[PDB]
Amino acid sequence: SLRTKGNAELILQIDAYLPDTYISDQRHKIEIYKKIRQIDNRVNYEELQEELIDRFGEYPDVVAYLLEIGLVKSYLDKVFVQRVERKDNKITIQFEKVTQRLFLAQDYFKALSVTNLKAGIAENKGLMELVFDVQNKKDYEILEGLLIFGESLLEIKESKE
């Protein structure tokens, strides 16, 4: 309580940023970068796209990803993910000890069960970790899985009051 959301650490090795080719002016970048770290939910995100196209035209994939990751993150944050780290075709999510209040094993399984990534749950130091095999997987597919997984899990959370 008093804490609305967590703050997940994302090590995804997707290349995402604002290229000089899209935004030249320094203070813009800065602003938009902050703006991006400001994404709390979908509508933000959506408006942020509306904004960028609005005043910078179509954006390249690295920008798309910067955005996606932002959105994605907002979710992993609300379900109190502590770290997502991709390491040798193995993305492995770990949560805060608090999640043990919010979630049960099948809560996670449900959420994975519904993404296209193939996953498993493992016990590391008494806690639960999700590990996705991400071989052959394009960034957008990983973003999609994470995305879906996250929003999938938020609904469970909301689902208790």
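The numbering used is simple: start at 1 and walk along the sequence shown.
Taking the PDB entry as given, 122 to 130 carries the higher mean Cα B factor of the two stretches 45 to 53 and 122 to 130.
Ranked against the other modelled residues of its chain, the C-alpha B-factor of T115 as given in the entry falls in the highest third.
Sort the chain's modelled residues by C-alpha temperature factor and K157 lands in the middle third, per the entry. Ranked against the other modelled residues of its chain, the C-alpha B-factor of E96 as given in the entry falls in the middle third. Residue-level temperature factors show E58 in the highest third of its chain, judged at the C-alpha atom.
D40 sits in the highest third of its chain by CA B factor, as recorded in the PDB entry.
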